[PDB]
>>> print(open('structure_15.cif').read())   # mmCIF, C-alpha atoms and all ligand atoms
data_my_file
#
loop_
_atom_site.group_PDB
_atom_site.id
_atom_site.type_symbol
_atom_site.label_atom_id
_atom_site.label_comp_id
_atom_site.auth_asym_id
_atom_site.auth_seq_id
_atom_site.Cartn_x
_atom_site.Cartn_y
_atom_site.Cartn_z
ATOM 1 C CA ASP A 18 -0.066 -42.515 89.404
ATOM 2 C CA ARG A 19 -2.165 -39.323 89.456
ATOM 3 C CA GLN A 20 -4.878 -41.038 87.366
ATOM 4 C CA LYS A 21 -5.515 -43.208 90.437
ATOM 5 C CA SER A 22 -6.518 -40.314 92.678
ATOM 6 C CA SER A 23 -8.497 -38.633 89.895
ATOM 7 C CA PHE A 24 -10.520 -41.807 89.275
ATOM 8 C CA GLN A 25 -11.163 -41.881 93.006
ATOM 9 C CA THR A 26 -12.483 -38.333 93.242
ATOM 10 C CA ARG A 27 -14.521 -38.792 90.029
ATOM 11 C CA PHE A 28 -16.214 -41.926 91.356
ATOM 12 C CA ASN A 29 -16.588 -40.703 94.986
ATOM 13 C CA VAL A 30 -15.124 -43.979 96.140
ATOM 14 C CA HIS A 31 -15.436 -43.486 99.925
ATOM 15 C CA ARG A 32 -18.324 -41.001 100.150
ATOM 16 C CA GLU A 33 -21.184 -42.058 102.403
ATOM 17 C CA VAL A 34 -24.465 -40.229 102.309
ATOM 18 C CA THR A 35 -25.822 -38.117 105.156
ATOM 19 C CA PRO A 36 -29.492 -39.157 105.340
ATOM 20 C CA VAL A 37 -32.264 -36.583 104.975
ATOM 21 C CA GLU A 38 -35.699 -37.979 105.713
ATOM 22 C CA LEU A 39 -39.199 -37.168 104.494
ATOM 23 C CA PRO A 40 -41.969 -38.390 106.803
ATOM 24 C CA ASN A 41 -44.491 -39.833 104.255
ATOM 25 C CA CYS A 42 -42.655 -41.598 101.392
ATOM 26 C CA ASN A 43 -44.203 -44.574 99.619
ATOM 27 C CA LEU A 44 -42.749 -46.945 97.050
ATOM 28 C CA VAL A 45 -44.667 -46.833 93.766
ATOM 29 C CA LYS A 46 -46.398 -50.169 93.231
ATOM 30 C CA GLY A 47 -45.425 -51.693 89.888
ATOM 31 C CA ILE A 48 -41.974 -50.133 89.451
ATOM 32 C CA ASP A 49 -39.278 -52.723 90.122
ATOM 33 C CA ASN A 50 -36.944 -52.546 87.107
ATOM 34 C CA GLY A 51 -35.972 -48.908 86.996
ATOM 35 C CA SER A 52 -37.533 -45.498 86.542
ATOM 36 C CA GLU A 53 -34.472 -43.871 85.075
ATOM 37 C CA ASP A 54 -36.078 -40.676 83.776
ATOM 38 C CA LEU A 55 -39.419 -39.025 84.239
ATOM 39 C CA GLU A 56 -41.210 -35.861 83.313
ATOM 40 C CA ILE A 57 -44.375 -34.288 84.692
ATOM 41 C CA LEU A 58 -46.682 -32.325 82.402
ATOM 42 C CA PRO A 59 -48.301 -29.155 83.794
ATOM 43 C CA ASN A 60 -51.591 -31.050 84.050
ATOM 44 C CA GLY A 61 -49.994 -33.528 86.473
ATOM 45 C CA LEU A 62 -49.416 -36.462 84.112
ATOM 46 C CA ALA A 63 -45.972 -38.005 84.581
ATOM 47 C CA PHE A 64 -44.164 -40.137 82.024
ATOM 48 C CA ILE A 65 -41.529 -42.576 83.268
ATOM 49 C CA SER A 66 -39.036 -44.596 81.276
ATOM 50 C CA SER A 67 -38.348 -48.015 82.743
ATOM 51 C CA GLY A 68 -36.576 -51.280 82.096
ATOM 52 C CA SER A 69 -33.570 -49.201 81.065
ATOM 53 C CA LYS A 70 -30.651 -51.548 80.483
ATOM 54 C CA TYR A 71 -26.964 -50.996 79.701
ATOM 55 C CA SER A 82 -38.459 -55.430 78.709
ATOM 56 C CA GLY A 83 -38.299 -51.618 78.372
ATOM 57 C CA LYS A 84 -41.394 -49.452 78.606
ATOM 58 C CA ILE A 85 -42.890 -46.033 79.217
ATOM 59 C CA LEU A 86 -45.143 -45.743 82.272
ATOM 60 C CA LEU A 87 -47.820 -43.182 83.089
ATOM 61 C CA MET A 88 -48.904 -41.815 86.481
ATOM 62 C CA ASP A 89 -51.677 -39.275 87.120
ATOM 63 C CA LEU A 90 -50.218 -37.354 90.037
ATOM 64 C CA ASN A 91 -53.553 -35.573 90.625
ATOM 65 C CA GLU A 92 -54.719 -38.879 92.148
ATOM 66 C CA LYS A 93 -54.404 -39.511 95.874
ATOM 67 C CA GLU A 94 -52.704 -42.903 95.444
ATOM 68 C CA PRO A 95 -51.527 -42.723 91.816
ATOM 69 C CA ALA A 96 -51.083 -46.056 90.073
ATOM 70 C CA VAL A 97 -48.747 -46.766 87.137
ATOM 71 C CA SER A 98 -50.025 -48.006 83.810
ATOM 72 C CA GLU A 99 -47.876 -49.169 80.915
ATOM 73 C CA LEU A 100 -48.355 -47.031 77.814
ATOM 74 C CA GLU A 101 -49.021 -49.131 74.730
ATOM 75 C CA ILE A 102 -46.848 -48.242 71.739
ATOM 76 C CA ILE A 103 -48.946 -47.927 68.577
ATOM 77 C CA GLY A 104 -47.408 -47.962 65.115
ATOM 78 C CA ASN A 105 -45.518 -50.039 62.555
ATOM 79 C CA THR A 106 -42.363 -47.873 62.305
ATOM 80 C CA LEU A 107 -40.766 -49.027 65.604
ATOM 81 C CA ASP A 108 -39.458 -52.445 66.602
ATOM 82 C CA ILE A 109 -40.844 -52.747 70.139
ATOM 83 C CA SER A 110 -38.899 -55.903 70.958
ATOM 84 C CA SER A 111 -35.583 -54.050 71.302
ATOM 85 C CA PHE A 112 -37.093 -50.955 72.995
ATOM 86 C CA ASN A 113 -34.644 -49.828 75.684
ATOM 87 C CA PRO A 114 -35.657 -46.366 76.916
ATOM 88 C CA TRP A 115 -33.355 -43.998 78.789
ATOM 89 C CA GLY A 116 -33.818 -40.209 78.950
ATOM 90 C CA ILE A 117 -37.110 -38.599 77.950
ATOM 91 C CA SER A 118 -38.547 -35.149 77.264
ATOM 92 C CA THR A 119 -41.883 -33.695 76.249
ATOM 93 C CA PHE A 120 -42.940 -30.867 74.010
ATOM 94 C CA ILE A 121 -46.474 -29.468 73.901
ATOM 95 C CA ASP A 122 -47.375 -27.793 70.611
ATOM 96 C CA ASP A 123 -49.782 -24.925 69.888
ATOM 97 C CA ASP A 124 -52.624 -27.341 69.042
ATOM 98 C CA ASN A 125 -51.944 -28.864 72.541
ATOM 99 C CA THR A 126 -50.437 -32.024 71.026
ATOM 100 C CA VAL A 127 -48.068 -33.716 73.481
ATOM 101 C CA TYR A 128 -44.909 -35.131 71.956
ATOM 102 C CA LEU A 129 -42.786 -37.560 73.936
ATOM 103 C CA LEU A 130 -39.155 -37.923 72.925
ATOM 104 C CA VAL A 131 -37.393 -41.045 74.225
ATOM 105 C CA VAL A 132 -33.712 -41.959 74.118
ATOM 106 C CA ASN A 133 -33.598 -45.552 72.909
ATOM 107 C CA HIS A 134 -30.647 -47.978 72.986
ATOM 108 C CA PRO A 135 -31.625 -50.949 70.785
ATOM 109 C CA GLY A 136 -28.428 -52.948 70.936
ATOM 110 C CA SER A 137 -25.264 -50.812 71.055
ATOM 111 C CA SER A 138 -26.658 -47.942 68.928
ATOM 112 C CA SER A 139 -28.463 -44.763 70.017
ATOM 113 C CA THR A 140 -31.699 -43.341 68.642
ATOM 114 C CA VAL A 141 -34.232 -40.750 69.729
ATOM 115 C CA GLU A 142 -37.822 -41.969 69.304
ATOM 116 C CA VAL A 143 -40.627 -39.437 68.776
ATOM 117 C CA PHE A 144 -44.141 -40.325 69.936
ATOM 118 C CA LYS A 145 -47.448 -38.500 69.998
ATOM 119 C CA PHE A 146 -49.186 -38.953 73.320
ATOM 120 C CA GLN A 147 -52.794 -40.116 72.838
ATOM 121 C CA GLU A 148 -54.285 -39.208 76.213
ATOM 122 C CA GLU A 149 -57.827 -40.613 75.965
ATOM 123 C CA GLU A 150 -56.398 -43.951 74.802
ATOM 124 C CA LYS A 151 -53.406 -43.768 77.214
ATOM 125 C CA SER A 152 -51.093 -44.890 74.418
ATOM 126 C CA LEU A 153 -48.092 -43.686 72.413
ATOM 127 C CA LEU A 154 -48.283 -43.229 68.649
ATOM 128 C CA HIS A 155 -44.810 -43.750 67.181
ATOM 129 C CA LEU A 156 -43.884 -41.073 64.647
ATOM 130 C CA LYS A 157 -40.178 -41.229 63.911
ATOM 131 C CA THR A 158 -36.832 -42.825 64.707
ATOM 132 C CA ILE A 159 -34.004 -40.275 64.744
ATOM 133 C CA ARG A 160 -30.354 -41.205 64.425
ATOM 134 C CA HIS A 161 -27.279 -39.290 63.438
ATOM 135 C CA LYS A 162 -23.485 -39.364 63.487
ATOM 136 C CA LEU A 163 -23.559 -36.587 66.108
ATOM 137 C CA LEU A 164 -25.847 -38.697 68.363
ATOM 138 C CA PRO A 165 -23.461 -41.631 69.024
ATOM 139 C CA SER A 166 -24.191 -42.279 72.710
ATOM 140 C CA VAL A 167 -27.285 -40.417 73.849
ATOM 141 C CA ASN A 168 -28.174 -40.158 77.526
ATOM 142 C CA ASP A 169 -30.919 -37.521 77.680
ATOM 143 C CA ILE A 170 -32.529 -34.800 75.580
ATOM 144 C CA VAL A 171 -34.547 -31.674 76.237
ATOM 145 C CA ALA A 172 -37.146 -31.077 73.541
ATOM 146 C CA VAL A 173 -37.575 -27.632 72.045
ATOM 147 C CA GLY A 174 -39.978 -28.763 69.335
ATOM 148 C CA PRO A 175 -41.660 -31.912 68.009
ATOM 149 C CA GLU A 176 -38.372 -33.200 66.566
ATOM 150 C CA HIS A 177 -35.949 -30.562 67.832
ATOM 151 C CA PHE A 178 -33.785 -31.074 70.897
ATOM 152 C CA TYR A 179 -30.479 -30.742 72.681
ATOM 153 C CA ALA A 180 -28.979 -34.150 73.458
ATOM 154 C CA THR A 181 -26.222 -35.283 75.788
ATOM 155 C CA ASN A 182 -23.781 -37.925 74.603
ATOM 156 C CA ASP A 183 -22.227 -39.493 77.675
ATOM 157 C CA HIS A 184 -19.416 -41.091 75.611
ATOM 158 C CA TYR A 185 -17.553 -40.259 72.428
ATOM 159 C CA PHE A 186 -17.236 -43.898 71.274
ATOM 160 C CA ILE A 187 -20.042 -46.302 70.443
ATOM 161 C CA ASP A 188 -18.117 -49.535 70.899
ATOM 162 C CA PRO A 189 -18.877 -50.819 74.423
ATOM 163 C CA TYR A 190 -15.270 -51.851 74.953
ATOM 164 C CA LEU A 191 -13.781 -48.541 73.806
ATOM 165 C CA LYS A 192 -16.272 -46.463 75.781
ATOM 166 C CA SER A 193 -15.576 -48.485 78.921
ATOM 167 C CA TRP A 194 -11.924 -47.478 78.525
ATOM 168 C CA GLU A 195 -12.758 -43.846 77.683
ATOM 169 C CA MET A 196 -14.710 -43.649 80.958
ATOM 170 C CA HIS A 197 -11.992 -45.203 83.158
ATOM 171 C CA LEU A 198 -9.318 -42.960 81.645
ATOM 172 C CA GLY A 199 -11.392 -39.807 82.094
ATOM 173 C CA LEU A 200 -10.877 -38.616 78.520
ATOM 174 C CA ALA A 201 -13.856 -36.238 78.968
ATOM 175 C CA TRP A 202 -14.803 -36.388 75.285
ATOM 176 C CA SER A 203 -18.570 -36.478 75.806
ATOM 177 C CA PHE A 204 -20.481 -33.691 74.079
ATOM 178 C CA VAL A 205 -23.877 -32.033 73.605
ATOM 179 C CA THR A 206 -25.635 -31.936 70.221
ATOM 180 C CA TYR A 207 -28.444 -29.735 68.894
ATOM 181 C CA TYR A 208 -30.745 -31.653 66.523
ATOM 182 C CA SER A 209 -33.430 -30.233 64.227
ATOM 183 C CA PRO A 210 -34.788 -31.282 60.809
ATOM 184 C CA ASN A 211 -32.727 -28.522 59.154
ATOM 185 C CA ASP A 212 -29.458 -28.576 61.107
ATOM 186 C CA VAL A 213 -27.537 -30.889 63.453
ATOM 187 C CA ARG A 214 -24.395 -29.703 65.204
ATOM 188 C CA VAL A 215 -22.299 -29.896 68.352
ATOM 189 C CA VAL A 216 -23.058 -27.043 70.748
ATOM 190 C CA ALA A 217 -20.718 -27.919 73.659
ATOM 191 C CA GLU A 218 -18.010 -30.482 74.244
ATOM 192 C CA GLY A 219 -15.329 -31.711 76.605
ATOM 193 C CA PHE A 220 -17.578 -33.262 79.273
ATOM 194 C CA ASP A 221 -16.703 -35.969 81.795
ATOM 195 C CA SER A 222 -19.961 -37.841 81.025
ATOM 196 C CA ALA A 223 -22.766 -35.418 80.148
ATOM 197 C CA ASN A 224 -26.038 -36.828 81.484
ATOM 198 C CA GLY A 225 -29.064 -34.768 82.450
ATOM 199 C CA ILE A 226 -30.043 -31.762 80.377
ATOM 200 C CA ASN A 227 -32.893 -29.308 80.679
ATOM 201 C CA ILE A 228 -33.999 -25.743 79.976
ATOM 202 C CA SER A 229 -35.379 -22.739 81.866
ATOM 203 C CA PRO A 230 -39.122 -22.091 81.411
ATOM 204 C CA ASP A 231 -38.374 -18.973 79.355
ATOM 205 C CA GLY A 232 -36.026 -20.927 77.058
ATOM 206 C CA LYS A 233 -33.064 -18.642 77.751
ATOM 207 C CA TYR A 234 -30.868 -21.125 79.623
ATOM 208 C CA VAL A 235 -29.813 -24.738 79.202
ATOM 209 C CA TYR A 236 -28.542 -26.846 82.102
ATOM 210 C CA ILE A 237 -26.178 -29.778 81.609
ATOM 211 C CA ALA A 238 -25.140 -32.326 84.228
ATOM 212 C CA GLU A 239 -21.501 -33.419 84.049
ATOM 213 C CA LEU A 240 -21.847 -36.607 86.083
ATOM 214 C CA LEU A 241 -18.240 -37.579 86.799
ATOM 215 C CA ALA A 242 -17.037 -33.998 87.236
ATOM 216 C CA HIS A 243 -19.912 -33.516 89.739
ATOM 217 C CA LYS A 244 -20.944 -30.265 88.007
ATOM 218 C CA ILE A 245 -23.979 -28.578 86.514
ATOM 219 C CA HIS A 246 -23.288 -26.185 83.639
ATOM 220 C CA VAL A 247 -25.554 -23.253 82.791
ATOM 221 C CA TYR A 248 -25.440 -21.997 79.196
ATOM 222 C CA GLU A 249 -27.039 -18.999 77.536
ATOM 223 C CA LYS A 250 -29.293 -20.262 74.738
ATOM 224 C CA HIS A 251 -29.383 -17.824 71.818
ATOM 225 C CA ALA A 252 -32.204 -17.558 69.274
ATOM 226 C CA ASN A 253 -30.093 -19.364 66.640
ATOM 227 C CA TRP A 254 -29.914 -22.355 69.101
ATOM 228 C CA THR A 255 -26.259 -21.717 69.944
ATOM 229 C CA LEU A 256 -25.136 -22.188 73.563
ATOM 230 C CA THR A 257 -22.519 -20.044 75.323
ATOM 231 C CA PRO A 258 -21.065 -20.859 78.774
ATOM 232 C CA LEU A 259 -22.322 -18.783 81.674
ATOM 233 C CA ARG A 260 -21.836 -20.589 85.037
ATOM 234 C CA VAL A 261 -20.498 -23.846 86.430
ATOM 235 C CA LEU A 262 -21.837 -25.119 89.749
ATOM 236 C CA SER A 263 -19.828 -27.781 91.598
ATOM 237 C CA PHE A 264 -21.130 -30.431 93.982
ATOM 238 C CA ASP A 265 -19.959 -33.306 96.153
ATOM 239 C CA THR A 266 -22.200 -35.831 94.400
ATOM 240 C CA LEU A 267 -22.687 -37.427 90.978
ATOM 241 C CA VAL A 268 -25.454 -35.274 89.491
ATOM 242 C CA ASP A 269 -27.523 -37.298 87.018
ATOM 243 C CA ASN A 270 -30.867 -36.156 85.552
ATOM 244 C CA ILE A 271 -32.125 -32.550 85.866
ATOM 245 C CA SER A 272 -35.777 -31.575 86.233
ATOM 246 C CA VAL A 273 -37.072 -28.013 86.205
ATOM 247 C CA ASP A 274 -40.004 -26.742 88.241
ATOM 248 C CA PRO A 275 -41.841 -24.550 85.698
ATOM 249 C CA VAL A 276 -43.225 -22.187 88.362
ATOM 250 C CA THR A 277 -39.901 -21.180 89.937
ATOM 251 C CA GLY A 278 -37.265 -22.353 87.453
ATOM 252 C CA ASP A 279 -35.645 -24.355 90.297
ATOM 253 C CA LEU A 280 -33.586 -27.383 89.328
ATOM 254 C CA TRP A 281 -34.433 -30.705 90.956
ATOM 255 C CA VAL A 282 -31.620 -33.207 90.574
ATOM 256 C CA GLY A 283 -31.234 -36.933 91.167
ATOM 257 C CA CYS A 284 -27.721 -37.821 92.280
ATOM 258 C CA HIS A 285 -25.577 -40.826 93.076
ATOM 259 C CA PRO A 286 -23.581 -40.156 96.271
ATOM 260 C CA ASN A 287 -21.071 -42.926 95.501
ATOM 261 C CA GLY A 288 -20.039 -43.807 91.961
ATOM 262 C CA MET A 289 -18.546 -47.207 92.795
ATOM 263 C CA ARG A 290 -21.832 -48.447 94.254
ATOM 264 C CA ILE A 291 -23.856 -47.278 91.240
ATOM 265 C CA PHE A 292 -21.386 -48.363 88.536
ATOM 266 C CA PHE A 293 -20.126 -51.647 90.101
ATOM 267 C CA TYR A 294 -23.266 -53.172 91.549
ATOM 268 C CA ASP A 295 -23.184 -55.424 94.613
ATOM 269 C CA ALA A 296 -26.486 -56.598 96.103
ATOM 270 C CA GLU A 297 -24.868 -56.723 99.569
ATOM 271 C CA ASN A 298 -23.857 -53.041 99.261
ATOM 272 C CA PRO A 299 -26.500 -51.278 97.107
ATOM 273 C CA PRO A 300 -26.217 -47.654 95.968
ATOM 274 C CA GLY A 301 -28.175 -45.027 97.848
ATOM 275 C CA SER A 302 -30.167 -42.006 96.695
ATOM 276 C CA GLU A 303 -29.850 -38.218 96.975
ATOM 277 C CA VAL A 304 -32.004 -35.338 95.683
ATOM 278 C CA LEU A 305 -30.844 -31.728 95.332
ATOM 279 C CA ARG A 306 -32.934 -28.605 94.940
ATOM 280 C CA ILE A 307 -31.088 -25.669 93.350
ATOM 281 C CA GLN A 308 -32.558 -22.163 93.597
ATOM 282 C CA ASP A 309 -31.454 -18.927 91.911
ATOM 283 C CA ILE A 310 -28.888 -20.656 89.730
ATOM 284 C CA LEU A 311 -27.719 -17.356 88.162
ATOM 285 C CA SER A 312 -26.933 -15.598 91.497
ATOM 286 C CA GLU A 313 -23.617 -15.269 93.345
ATOM 287 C CA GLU A 314 -24.539 -17.988 95.880
ATOM 288 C CA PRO A 315 -27.105 -20.437 94.484
ATOM 289 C CA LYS A 316 -29.108 -22.121 97.219
ATOM 290 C CA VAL A 317 -28.521 -25.894 97.186
ATOM 291 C CA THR A 318 -30.633 -28.059 99.499
ATOM 292 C CA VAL A 319 -30.483 -31.814 100.021
ATOM 293 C CA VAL A 320 -34.212 -32.567 100.065
ATOM 294 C CA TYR A 321 -33.927 -36.378 100.396
ATOM 295 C CA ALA A 322 -31.043 -38.806 100.900
ATOM 296 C CA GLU A 323 -30.694 -42.381 102.137
ATOM 297 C CA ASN A 324 -28.283 -45.298 101.939
ATOM 298 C CA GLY A 325 -30.488 -47.395 99.689
ATOM 299 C CA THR A 326 -32.370 -49.386 102.301
ATOM 300 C CA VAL A 327 -35.549 -48.119 100.640
ATOM 301 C CA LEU A 328 -34.593 -46.621 97.250
ATOM 302 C CA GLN A 329 -31.443 -47.607 95.365
ATOM 303 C CA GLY A 330 -29.691 -45.508 92.744
ATOM 304 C CA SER A 331 -31.785 -42.362 92.381
ATOM 305 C CA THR A 332 -31.410 -40.738 88.960
ATOM 306 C CA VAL A 333 -34.196 -38.141 88.764
ATOM 307 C CA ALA A 334 -36.646 -36.242 90.938
ATOM 308 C CA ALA A 335 -39.424 -33.756 90.228
ATOM 309 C CA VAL A 336 -42.130 -32.005 92.234
ATOM 310 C CA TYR A 337 -45.854 -31.608 91.606
ATOM 311 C CA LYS A 338 -48.189 -29.792 94.022
ATOM 312 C CA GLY A 339 -46.287 -30.651 97.205
ATOM 313 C CA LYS A 340 -45.193 -34.168 96.190
ATOM 314 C CA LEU A 341 -41.786 -35.460 95.132
ATOM 315 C CA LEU A 342 -41.379 -38.307 92.642
ATOM 316 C CA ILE A 343 -37.972 -39.985 92.548
ATOM 317 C CA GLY A 344 -36.742 -42.454 89.937
ATOM 318 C CA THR A 345 -33.829 -44.896 89.758
ATOM 319 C CA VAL A 346 -31.715 -46.478 87.035
ATOM 320 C CA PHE A 347 -32.792 -50.083 87.746
ATOM 321 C CA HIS A 348 -34.645 -50.281 91.098
ATOM 322 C CA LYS A 349 -37.942 -48.778 92.342
ATOM 323 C CA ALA A 350 -39.516 -45.318 92.524
ATOM 324 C CA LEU A 351 -40.448 -43.237 95.547
ATOM 325 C CA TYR A 352 -43.375 -40.824 95.980
ATOM 326 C CA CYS A 353 -43.129 -38.467 98.958
ATOM 327 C CA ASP A 354 -44.733 -35.499 100.627
ATOM 328 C CA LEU A 355 -42.301 -32.576 100.593
HETATM 329 CA CA CA B 401 -34.962 -35.951 80.487
HETATM 330 CA CA CA B 402 -28.481 -41.986 83.590
#
>>> encode(input="structure_15.cif", output="structure tokens")
Amino acid sequence: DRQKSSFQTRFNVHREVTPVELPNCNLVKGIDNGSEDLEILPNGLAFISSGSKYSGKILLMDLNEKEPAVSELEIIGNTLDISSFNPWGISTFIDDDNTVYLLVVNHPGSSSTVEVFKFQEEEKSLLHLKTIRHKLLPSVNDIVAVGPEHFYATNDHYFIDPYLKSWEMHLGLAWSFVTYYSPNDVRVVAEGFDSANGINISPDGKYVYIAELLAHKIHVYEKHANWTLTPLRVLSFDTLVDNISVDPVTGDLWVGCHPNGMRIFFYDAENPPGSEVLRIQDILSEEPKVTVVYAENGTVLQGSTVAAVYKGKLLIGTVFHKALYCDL
């Protein structure tokens, strides 16, 4: 039927990547079970979620170092069950007092939560503050924090039940939605997505970017002062856009992508998924500039999900494999 060709475009079933090489890339020692999301503070500290599964941890890298090493951040507190910790998307928020909050999408079992931590820098540890859950956060993929416990969140499925959501994805229902959460108000701000994944915000707070993974699109929304979102632009791509990072200096989007959906969603060690990184400049203009900055067939890095730049270097994460650190 027609649902056979649509599945095949959605999952990019025969796409092969055109490699783009970077001359000094090195695998990050210590990252072998995923680096699904990451975020770099202005001071050069990078948080990385790992062990994402569908043992989990949050890693730290000081990118001001010449050969930065990963350390595992210890979770401090008695309000979180560490043994089920299964981190996915992350976000940070830095308050007036310079407190660094880390928000972490957690999937303990088949439920979704958002965990709030306070970064304790001197101790290199995470103080757990709060577990957030809500009817309108059924299947969280990523969030972008706009306060210590305020965020926009993507739900990449409508259903929670793993069997139902498997079906919803194969059918292409496109029922995934985006939710604004705050202590005072929780509501849906956009809906109808074919798997909303990455989400982020312009440095001036005026725009929100949402990755629609299986539609291969990035949506730009106007963010009003009352936290409402209104559609503004839709950019289309030939690749499965996953997590979005934002360079604070330029506002550029840096995007980790899966060139082929079959190889990322139906794993096969003899045919691993590759990696692909997009830079997007001037997203509001008539012709946004889209550059493939890095791409490979997975011989080195399999299943890139996220990429961000700090002072000439590019850090690339993956859903379940390694992480790559490159000169631009
Ligand atoms: Ca994120
Ligand atoms: Ca993902």
>>> residues_near_ligand(input="structure_15.cif", ligand="ligand CA 402 (chain B)", cutoff="8 Å", atoms="all atoms listed in the file", output="ChimeraX atom specification")
/A:53-54,115-116,168-169,224-225,269-270,332,346
>>> residues_around(input="structure_15.cif", residues="residue A:99", least_positions_apart="6", cutoff="9 Å", atoms="only C-alpha atoms", output="ChimeraX atom specification")
/A:84-87,151-152
>>> residues_around(input="structure_15.cif", residues="residue A:91", least_positions_apart="4", cutoff="8 Å", atoms="all atoms listed in the file", output="PDB file with C-alpha atoms, in the frame of the given file")
ATOM      1  CA  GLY A  61     -49.994 -33.528  86.473  1.00  0.00           C
ATOM      2  CA  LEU A  62     -49.416 -36.462  84.112  1.00  0.00           C
ATOM      3  CA  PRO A  95     -51.527 -42.723  91.816  1.00  0.00           C
TER       4      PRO A  95
END
>>> residues_near_ligand(input="structure_15.cif", ligand="ligand CA 401 (chain B)", cutoff="12 Å", atoms="all atoms listed in the file", output="ChimeraX atom specification")
/A:52-57,63-66,114-120,129-132,141,167-172,178-181,224-228,236-238,269-273,281-283,332-335,344
>>> residues_around(input="structure_15.cif", residues="residue A:161", least_positions_apart="3", cutoff="10 Å", atoms="only C-alpha atoms", output="ChimeraX atom specification")
/A:139-141,164-165,208,213
>>> closest_atom_pairs(input="structure_15.cif", of="stretch 189-218 of chain A", to="stretch 244-268 of chain A", cutoff="9 Å", atoms="all atoms listed in the file", output="CSV")
residue,atom,partner,partner_atom,distance
A:207,CA,A:254,CA,7.5
A:216,CA,A:256,CA,6.0
A:217,CA,A:256,CA,7.2
>>> residues_around(input="structure_15.cif", residues="residue A:319", least_positions_apart="2", cutoff="10 Å", atoms="only C-alpha atoms", output="MDAnalysis selection string")
chainID A and resid 35:38 281:282 303:307 317 321:322
>>> resolve_selection(input="structure_15.cif", expression="the PyMOL selection byres (((chain A and resi 123-126) around 9) and not hetatm)", output="count of residues only")
8
>>> closest_residue(input="structure_15.cif", among="A:103, A:243, A:350, A:314", to="residue A:51", atoms="all atoms listed in the file")
A:350
>>> axis_aligned_box(input="structure_15.cif", around="stretch 336-354 of chain A", padding_each_side="5 Å", output="JSON")
{"center_x": -40.0, "center_y": -40.0, "center_z": 93.8, "size_x": 26.5, "size_y": 30.5, "size_z": 23.6}
>>> resolve_selection(input="structure_15.cif", expression="the PyMOL selection byres (((chain A and resi 353) around 8) and not hetatm)", output="list in words")
residues 39, 40, 41, 42, 43, 340, 341, 342, 351, 352, 354 and 355 of chain A
>>> resolve_selection(input="structure_15.cif", expression="the PyMOL selection byres (((chain A and resi 188-199) around 10) and not hetatm)", output="VMD selection string")
chain A and resid 20 to 21 23 to 24 27 to 28 71 137 to 138 165 to 166 183 to 187 200 to 203 220 to 222 241 to 242
>>> closest_residue(input="structure_15.cif", among="A:345, A:311, A:94, A:107", to="residue A:327", atoms="all atoms listed in the file")
A:345
>>> atom_distance(input="structure_15.cif", atom1="atom CA of residue A:296", atom2="atom CA of residue A:111")
26.5 Å
>>> closest_residue(input="structure_15.cif", among="A:229, A:105, A:60, A:50", to="residue A:88", atoms="only C-alpha atoms")
A:60
>>> atom_distance(input="structure_15.cif", atom1="atom CA of residue A:324", atom2="atom CA of residue A:92")
28.9 Å
>>> atom_distance(input="structure_15.cif", atom1="atom CA of residue A:206", atom2="atom CA of residue A:163")
6.5 Å
>>> closest_residue(input="structure_15.cif", among="A:339, A:301, A:315, A:230", to="residue A:32", atoms="all atoms listed in the file")
A:301
